[PDB]
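Only one chain is given next, in structure tokens, and it is the form solved without its partner chain.
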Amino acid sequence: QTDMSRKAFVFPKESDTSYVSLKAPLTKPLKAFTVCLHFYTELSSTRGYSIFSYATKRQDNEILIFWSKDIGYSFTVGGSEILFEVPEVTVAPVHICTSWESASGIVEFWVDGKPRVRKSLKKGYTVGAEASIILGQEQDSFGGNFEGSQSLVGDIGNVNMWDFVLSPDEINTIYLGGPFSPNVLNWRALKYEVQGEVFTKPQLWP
């Protein structure tokens, strides 16, 4: 465990071996989850990159938050993928927040505290329990077979993952930087492993 408050990872060079593995104390497969994180990059107008990858022993794209070039944000669960239109992108640190529910398939997507429309995706699906979380790289296998074109260059931090669906007030509290208590993945009790050219530097965002 490590209290990584006011600190973030740094991926300064485009490569295929720089990544960070996040360990989660999960035993029960998830019927709902909410992933909130913060990242900063300049490749939004050059190519596509991976933000948050989550793969199991059966699917390499179980939970993947991808950025599609000239399209926007790509949120996929269980292989199927929905798109969130982004007309104009700005060069600034952005805070994203994704949520999902199996009983209804509703997917919520929040950008800088402003929520987007609700869409249906994988109603009744069951997300596996054991997985390998990788930040900065998209995995097309179990913890390997990385990708120089789908890799991420920039900063990332404040990664928090719950096991239920957060309310709008709770998401606003997350965005405002208040107090919270994650249970699946906590930025204050992270169990991470660094492999490659990844440095830990103070965050640039307030």
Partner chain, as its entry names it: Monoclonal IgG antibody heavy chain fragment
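Numbering follows the first chain given and starts at 1.
Note that the form deposited with its partner chain bound isn't included here; everything after this is about it.
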Residue 183, heavy atom within 4.5 angstroms of its partner chain in the entry with it bound: yes
is_contact(residue 162, its partner chain) in the entry with it bound, heavy atom dist at most 4.5 Å: yes
is_contact(residue 147, its partner chain) in the entry with it bound, heavy atom dist at most 4.5 Å: no
Contact of residue 140 with its partner chain in the entry with it bound (heavy atom, 4.5 Å): no
Its partner chain: the contacting residue among 174, 64, 37, 26 in the entry with it bound [heavy atom, 4.5 Å]: 174
